[PDB]
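[1] Pasting an experimental structure with its sequence.
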Number of protein chains: 4
Amino acid sequence: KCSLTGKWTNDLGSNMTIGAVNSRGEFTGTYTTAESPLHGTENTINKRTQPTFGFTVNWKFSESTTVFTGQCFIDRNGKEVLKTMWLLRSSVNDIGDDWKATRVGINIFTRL
Amino acid sequence: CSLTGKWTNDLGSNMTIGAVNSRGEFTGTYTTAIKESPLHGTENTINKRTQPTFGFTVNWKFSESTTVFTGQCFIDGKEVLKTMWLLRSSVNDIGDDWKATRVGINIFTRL
Amino acid sequence: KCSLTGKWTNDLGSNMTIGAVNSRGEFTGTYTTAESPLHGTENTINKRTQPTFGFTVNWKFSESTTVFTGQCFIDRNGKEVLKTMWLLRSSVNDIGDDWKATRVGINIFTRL
Amino acid sequence: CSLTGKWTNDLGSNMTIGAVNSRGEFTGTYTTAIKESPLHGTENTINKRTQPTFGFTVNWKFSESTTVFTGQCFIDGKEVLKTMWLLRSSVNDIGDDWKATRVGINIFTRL
Ligand SMILES: O=C(O)CCCCC[C@@H]1SC[C@@H]2NC(=O)N[C@@H]21
Ligand SMILES: O=C(O)CCCCC[C@@H]1SC[C@@H]2NC(=O)N[C@@H]21
Ligand SMILES: O=C(O)CCCCC[C@@H]1SC[C@@H]2NC(=O)N[C@@H]21
Ligand SMILES: O=C(O)CCCCC[C@@H]1SC[C@@H]2NC(=O)N[C@@H]21
Ligand SMILES: *[C@H]1O[C@H](CO)[C@@H](O)[C@H](O)[C@H]1NC(C)=O
Ligand SMILES: *[C@H]1O[C@H](CO)[C@@H](O)[C@H](O)[C@H]1NC(C)=O
Ligand SMILES: *[C@H]1O[C@H](CO)[C@@H](O)[C@H](O)[C@H]1NC(C)=O
Ligand SMILES: *[C@H]1O[C@H](CO)[C@@H](O)[C@H](O)[C@H]1NC(C)=O
């Protein structure tokens, strides 16, 4: 089974720690990048080995917000890997600059 | 512009969001024809901004999928929520991962 | 049948003109926003009434690039409408700032 | 960093791009296991940049779908192409449009 709980690191150099996840599939943690809290959920439905999930990172050094979503996989080499895609929403003043507030990208995590 | 309350959108889905603590957290329900799913998000409180940026995850109850929403609460007069989302599907093997993510838009208005 | 050929306008105020599309599904045109050329393709496969397509806009006022993709629909009210999503790639100097060069958005077009 | 040549990627697809005129246009073939599809793109020539931004459309031959790619040619030493794409599926009714677009990444390297 692929568990979210733990310490992860990615291709960009950022690290992430996730706490235990309750029965409601909920969980919290911290996102570290060269610290901000994050709160997410894991899909419990058919209680699968490779869960789908999503979390929000409330940036504490700016008024932007990032949301990641992806799946917890057991790689071919037998290792746990998190494939995720995110949307980074920056804040704009007029509802007219809104068309450019959203960036999109990816991030692959592996256990620390 | 506060997230608390009742919203609906262009597709025709309703969303209910409760109070948000001093840390910006909040919970709510997501309704779409119908099935209700829990929602857990957070709003950026960095600058006590009147048009706060925010994000939340909808944990689907009728599927093994997940959907994340990010956006900003704009005072159009009326309060409008402009969002963009990512819909992650669950695939059996890491080989198909590439085709598992849909992206799209959604404008919410006070129900 | 929903044709790409013609003059369109969108929700953002930008206008667009598309030329005839050959048998290879190819076509060119111009994108006007408050002028840059664009070159695209339309999917011919099962020669459908509501084609799928994609085009690139070679910005002539900056070194960024935008690509749109979507489908040509016959709306319920009987009108032609183009639902599209785009990616706007801005250019960065170091392959390390790459994680933030891509923005994503939407654009709905209707005939002028 | 020029697009002309032969590239392959992480998924394992090959792409061949021909010469690009003075306007930045170019054509090529897209191979994926196998089926070959034509590609038509353009590269930004605004600043005679050595690491040009670019975009192109792949007109699928075995489906009614379309895929657009945008990105930048980076000199990693080696020439690398970092791209992001949108895969549009064709739906019968404008009602399902919302679920018709997939997004993803792709890193190309000189084959
Ligand atoms: O500089 C900005 O544009 C705003 C700061 C955004 C915070 C870092 C972002 S979140 C998505 C991405 N993944 C990651 O690990 N770092 C970046
Ligand atoms: O039917 C499926 O494709 C799987 C269930 C998907 C859940 C509904 C999606 S989430 C993004 C989109 N916005 C919205 O309000 N409803 C749809
Ligand atoms: O200011 C920038 O960030 C670079 C200029 C980008 C050009 C305008 C973009 S293309 C996608 C979007 N659709 C539209 O009609 N106008 C915008
Ligand atoms: O099988 C399908 O889902 C429809 C055909 C899709 C065409 C292949 C897609 S395009 C984006 C992605 N990158 C890549 O190199 N191959 C895939
Ligand atoms: C995070 O991962 C470990 C924890 O110390 C370490 O290898 C690395 O320096 C850390 N990097 C960041 C950006 O926190
Ligand atoms: C929810 O929104 C309103 C509630 O006032 C209702 O009329 C509508 O039918 C509902 N839609 C869904 C999908 O539940
Ligand atoms: C484009 O559409 C028509 C053409 O004149 C007109 O209504 C409008 O002013 C034009 N706007 C732009 C930005 O070109
Ligand atoms: C294309 O790339 C190389 C060509 O040298 C070949 O070995 C590989 O099998 C080919 N892959 C596909 C999908 O055609």
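    Structure received. Numbers count the residues shown, from 1 in each chain, chains lettered A, B, ... in the order given. Ligands and ions are numbered 1, 2, ... in the order given.
[2] now the residue of chain A found nearest ligand 8, nearest residue through space, not along the chain?
    Across chain A, no residue is closer to ligand 8 than residue A:76, which sits at 19.0 Å (C-beta to the nearest ligand atom). For the C-beta atoms, the positions are set from N, CA and C on the backbone; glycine is no exception. Distances taken as C-beta to C-beta, 6 or more residues apart in numbering or on different chains place residue B:94 nearest to residue A:76, at 7.2 Å, with adjacent residues excluded.
[3] I'd like to know how many residues surround that neighbour.
    16 (other C-beta atoms under 10 Å in any protein chain shown).
[4] Wait, a helix at it?
    No - assigned with DSSP: H, G, I helix; E, B strand; the rest coil, residue B:94 falls outside any helix and is coil.
[5] Isn't it up against residue A:79?
    No - using C-beta atoms under 8 Å as the test, residue B:94 is too far from residue A:79 to be in contact (10.5 Å).
[6] Now the common contact residues for those two.
    With C-beta atoms under 8 Å, 6 or more residues apart in numbering or on different chains applied, the contact sets of residue B:94 and residue A:79 do not overlap.
[7] check contacts around residue A:82.
    A:4, A:8, A:70, A:71, A:72, A:73, A:108, A:109, A:110.
[8] How about the contacts made by the second one?
    The one in question is residue A:8. A:15, A:16, A:17, A:18, A:82, A:109, A:110, A:111, A:112.
[9] could you pick out which of the residues you listed are near ligand 6?
    When the contacts of residue A:8 are checked against ligand 6 using C-beta under 6 Å from any ligand atom, none falls in range.
[10] ok, residue A:101 touching residue A:93?
    No - applying C-beta under 8 Å as the test, residue A:101 and residue A:93 come out as separate, 10.4 Å apart.
[11] does the spatially most central residue of chain A have beta-bridge partners, and which?
    With distances taken as C-alpha atoms, centre = their mean, the residue of chain A nearest its centroid is residue A:68 (4.1 Å). Residue A:68 forms beta bridges with residue A:55, residue A:86, as assigned by DSSP bridges.
[12] correct me, but residue A:27 touches residue A:19?
    Yes - here residue A:27 lies in contact with residue A:19, judged by C-beta under 8 Å, at a distance of 5.6 Å.
[13] Distance from stretch A:69-77 to the middle of the chain?
    Averaged C-alpha coordinates place stretch A:69-77 at 13 Å from its chain's average position (C-alpha atoms, centre = their mean, to the nearest Å).
[14] show me what contacts whichever residue of chain A sits closest to chain C?
    For chain A, the residue closest to chain C is residue A:104, as judged by C-beta to the nearest C-beta, at 4.5 Å. Listed by C-beta under 8 Å, 6+ apart, the contact set of residue A:104 reads A:85, A:86, A:87, A:88, B:103, C:87, C:102, C:103, C:104, D:84, D:103.
[15] do that again at 7 Å, thanks
    By C-beta atoms under 7 Å, 6 or more residues apart in numbering or on different chains, the contact list for residue A:104 reads A:87, B:103, C:102, C:104, D:84, D:103.
[16] now residue A:25
    Neighbours of residue A:25 in contact, by C-beta under 7 Å, 6+ apart: A:41, A:42, A:43, A:44, B:59.
[17] Pipe those into a markdown table and attach distance to ligand 2 per row.
    Output for those, formatted as a markdown table (distance: C-beta to the nearest ligand atom, whole Å):
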| residue | distance to ligand 2 |
| --- | --- |
| A:41 | 14 |
| A:42 | 16 |
| A:43 | 11 |
| A:44 | 15 |
| B:59 | 11 |
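[18] among these, which two are most distant?
    Comparing every pair within these by C-beta to C-beta identifies A:41 and A:44 as the most remote, at 8.7 Å.
[19] Save the contacts of residue A:8 as CSV, and put in distance to ligand 5 too.
    Converted to CSV, the contacts of residue A:8 look like this (distance: C-beta to the nearest ligand atom, whole Å):
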residue, distance to ligand 5
A:15, 3
A:16, 9
A:17, 9
A:18, 14
A:82, 15
A:109, 11
A:110, 11
A:111, 11
A:112, 6
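[20] quick one: which of these is nearest chain B?
    residue A:82 (10.6 Å).
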